[PDB]
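A closer look at the structure
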Amino acid sequence: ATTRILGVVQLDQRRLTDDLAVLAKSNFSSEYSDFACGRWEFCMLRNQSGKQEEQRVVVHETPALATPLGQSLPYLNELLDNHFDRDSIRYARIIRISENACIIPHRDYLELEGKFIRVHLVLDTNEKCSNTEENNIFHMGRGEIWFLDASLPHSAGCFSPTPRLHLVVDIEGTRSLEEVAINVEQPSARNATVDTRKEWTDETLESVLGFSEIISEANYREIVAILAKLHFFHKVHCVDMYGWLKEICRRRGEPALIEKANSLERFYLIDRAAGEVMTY
Ligand SMILES: O=C(O)CCC(=O)C(=O)O
Ligand code: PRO
Ligand SMILES: [Co+2]
């Protein structure tokens, strides 16, 4: 299971515009804000109970049910009906990233008894929106249905004035990946997207490690966000931010900041429990 395009669909811009206008005014969940650097957020379209109040994810066996929000988005409802198997869906969300926001580099599923198969259908995006995986950066285009191997280190950012919205579907984890996307066109091969990021250098590295002189509890959040965003513009690994933070704090020499840095990396990449939240 490599991250890839499963298929491509035609989006109907008129009907899409209508549902996007409703989502622009919708109440988004604050759950998993511990993963957000800025305005990375989602809302529930389908979940276990069909209730708007149910906003965290667990592995379960129920064909997901449309929430009231779900029901008020009839075109997105239709897409879900037509391009996936109903009984295989466990969640469907809209995930929006607004200007200069990202989800912090992480792996998913650590707190879950099992995994999902995570699928993105891109609704509204642009050239300044990126997803990343390990050492790579790529753009998921409008109408593309992508399988995301969320068990690998990854992130996603939006660096445009305009927000980016993806329909994200969690399919029960033992399903056959080739069977997931229904009624889709096979994508043609295309030009590889070349990685336009800057080469990482000893200068850029020393500059980052220089924050050892100023890092404190008062600016920790800002520094973490800056570090998280670097791999969208420099050729470095998703996870390198955590090594940088650890070395920044080792040089600073304050025990509290070193412990936090260890916990940060651990929570996002190594180990966390069900319902556990990372406040930093
Ligand atoms: O593209 C996004 O907003 C989120 C990417 C991600 O971390 C996920 O879907 O697991
Ligand atoms: O798996 C999930 O849905 C949450 C959201 C991002 C981090 N983990
Ligand atoms: Co993820």
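Residues numbered from 1 in each chain as written, not as in the entry; some residues may be left out. Chains lettered and ligands numbered in written order. Heavy atoms only, no water.

Going by the header, the method for this PDB entry is X-ray crystallography, and the resolution given is 1.8000 Å.

Per the PDB entry, the protein goes by the name L-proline cis-4-hydroxylase and belongs to Rhizobium loti. Under its PDB record, the entry appears with the title "L-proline-bound L-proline cis-4-hydroxylase". Taken from UniProt, the Sequence similarities comment for the protein reads in full: "Belongs to the L-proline cis-4-/cis-3-hydroxylase family." (UniProt positions renumbered as here; feature names shortened; annotations may be inferred.)

This part takes up the domain arrangement of the protein. Its domain assignment divides the protein into domain 1 (1–194) and domain 2 (195–280). Taken over C-alpha atoms, the centre of domain 1 sits 26 Å from the centre of domain 2. Listed as interface residues are 30 residues of domain 1 and, on the opposing side, 29 residues of domain 2. Joining domain 1 to domain 2, the criterion identifies one salt bridge. For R272, the salt bridge is made with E111, and the minimal N-O distance between the two is 2.9 Å. Taken together, the residues of the side of domain 1 that touches domain 2 sort by class into 13 nonpolar, 10 polar and seven charged. (Domains from an automatic or database assignment. Contact = heavy atoms within 4.5 Å. Salt bridge = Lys/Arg side-chain N within 4 Å of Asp/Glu carboxyl O. Nonpolar A, V, L, I, M, F, W, Y, C, P; charged D, E, K, R; others polar.)

To continue, consider the sheet that holds strand β5 (residues 89–97). Taking strand neighbours across the sheet as the criterion, the seven strands line up as β1-β10-β7-β12-β5-β3-β4 in an open arrangement whose pairing is antiparallel. Among the strands making up the open sheet, the edge pair consists of β1 (4–8) and β4 (65–66). Contacts between helix α3 (residues 74–83) and the sheet are confined to β3 (40–47), β5, β7 (116–124), β10 (144–148) and β12 (164–172), with β3 contributing the most and set at about 65° to the helix. (Pairing = 2+ DSSP bridges. Helix = DSSP H or I, 4+ residues; strand = E, 2+ residues; numbered from the N terminus. Axes fitted to C-alpha atoms, helices over the stretch in contact; angles between N-to-C directions.)

Turning our attention to the site of ligand 1. Taken together, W40, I95, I97, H106, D108, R118, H120, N131, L148, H154, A156 and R164 form the complete shell of residues around ligand 1. Between ligand 1 and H120, the relevant distance is 2.8 Å, taken from an oxygen atom to a side-chain nitrogen or oxygen of the residue. Here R164 contributes a side-chain N or O atom positioned 2.8 Å from an oxygen atom of ligand 1. Sorting the residues of the shell around ligand 1 by element identifies β5, β7 and β11 (154–158) as the ones contributing at least two each. A breakdown of the residues in the shell around ligand 1 according to their chemical character gives five nonpolar, four polar and three charged. (Near = heavy atom within 4 Å. Polar contact = N/O pair within 3.5 Å; in protein donor to acceptor, adjacent residues only side chain to side chain.)

Turning our attention to the UniProt feature "binding site: Fe cation" in the protein. If you check UniProt for "binding site: Fe cation", the listed places come out as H106, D108 and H154 in our numbering. Considering the C-alpha atoms alone, the annotated residues occupy 49 residues of sequence yet fold into one spot, their largest mutual distance being 9.0 Å. By secondary structure assignment, the location of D108 is in the loop between β6 (101–106) and β7. On the basis of relative accessibility, which here comes to 14%, the residue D108 falls in the buried class. Along the polypeptide, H154 turns up in strand β11. Assessed through its relative accessible area of 8%, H154 is described here as buried. (Buried < 20%, exposed > 50% of the residue type's maximum accessible area, 1.4 Å probe, protein only.)

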